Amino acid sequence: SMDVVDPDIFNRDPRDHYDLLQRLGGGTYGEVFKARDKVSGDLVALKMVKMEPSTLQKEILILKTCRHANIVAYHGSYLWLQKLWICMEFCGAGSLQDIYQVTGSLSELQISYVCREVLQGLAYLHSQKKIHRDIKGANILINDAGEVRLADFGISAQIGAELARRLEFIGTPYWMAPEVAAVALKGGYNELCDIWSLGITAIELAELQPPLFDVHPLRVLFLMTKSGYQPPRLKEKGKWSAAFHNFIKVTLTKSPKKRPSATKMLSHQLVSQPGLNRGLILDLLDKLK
């Protein structure tokens, strides 16, 4: 009650409300488990993080204040015995990475529908002055109806925490050049970084991996910052339509001043075409079986 926006954190065992099912996956953030509501029988995903004896509260708040069909729903969190369990919408088919690893390259129409859906979620997030900063196949989830939901605001919360603390150390601003003020306040970039990530994700869904995937991370950073760096392209030309080649070209615009917003990208031919609906992903899921 003392918070402006209540994060809805229960100081109790999540097993009071849920039946813990299988571990779906894990990483540096912690683990994701499947769970079932003890009264309604509805499925949920629990993201469990091991605590040390505030940035997770920021992640919960980013999620809670989203109320959009293309962003995973929030159902409350449990803080118990040094563990935080964030309860969210369960997406029965997993991530697009989980799917394409069995299925192979998605079709152009299936990629188009996913991009339209991700752009809707992004336009909504950017309208709220939020940035995702971790768009990729593993964070775009698919439910049993073939519908698309964005997940994982972990990096978004880490950046929010970093920028809020940074204000404590910057000192007086009056003599700062505008590019120094941009780093101190915003980290030196804006929400258009998500549009680039979606373009890379479209290549990922078409080629099963992002460009340079087998190059070392620090070397990829080095390659991307060289003066003669050029945005990546789809390897096969003839397989894709000129609209998919162009969608990649404009989302992967090098200069952020010319890279279009999520709202603007929703007018692109590739994502505004009439045959885009969840039925395309239902076809993909049939192939999965």
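Only the largest set of C-alpha atoms that superpose within 1.5 Å between the two forms is called the rigid core. Start at 1 with the first residue shown and count on from there.
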(request) With the rigid core held as the alignment frame, decide whether 10-18 or 265-273 lies farther from the shown form in 5 other deposited structures of this protein, in terms of RMS C-alpha distance. (result) 10-18
(request) Give, as the answer, the stretch of 88-96 and 149-157 that departs more from the shown form in 5 other deposited structures of this protein; the measure is RMS Cα distance after a core fit. (result) 149-157
(request) Answer with none, 1 to 3, 4 to 9, or 10 or more: how many deposited residues between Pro53 and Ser54 are not present in the coordinates. (result) 4 to 9
(request) Can you let me know which of the two, 100-108 or 160-168, has the higher average C-alpha B-factor in the entry? (result) 100-108
(request) Check the entry's C-alpha temperature factors for 217-225 and 25-33, then say which stretch has the higher mean. (result) 217-225
(message) Given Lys47, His68, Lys264, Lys235, identify the residue with the highest C-alpha B factor in the PDB entry.
(response) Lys235
(request) Using the B-factor values recorded in the entry, state whether the Cα atom of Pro211 falls in the lowest, middle or highest third among the modelled residues of its chain. (result) highest
(request) Could you look up the Cα B-factor of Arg259 in the entry and say which third of the chain it sits in: lowest, middle or highest? (result) middle
(message) Taking only the Cα B-factors deposited for this chain, tell me whether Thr253 sits in the lowest, middle or highest third.
(response) middle
(message) Taking only the Cα B-factors deposited for this chain, tell me whether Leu20 sits in the lowest, middle or highest third.
(response) highest
(request) Sort the modelled residues of this chain by their C-alpha B factor and say whether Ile131 lands in the lowest, middle or highest third. (result) lowest
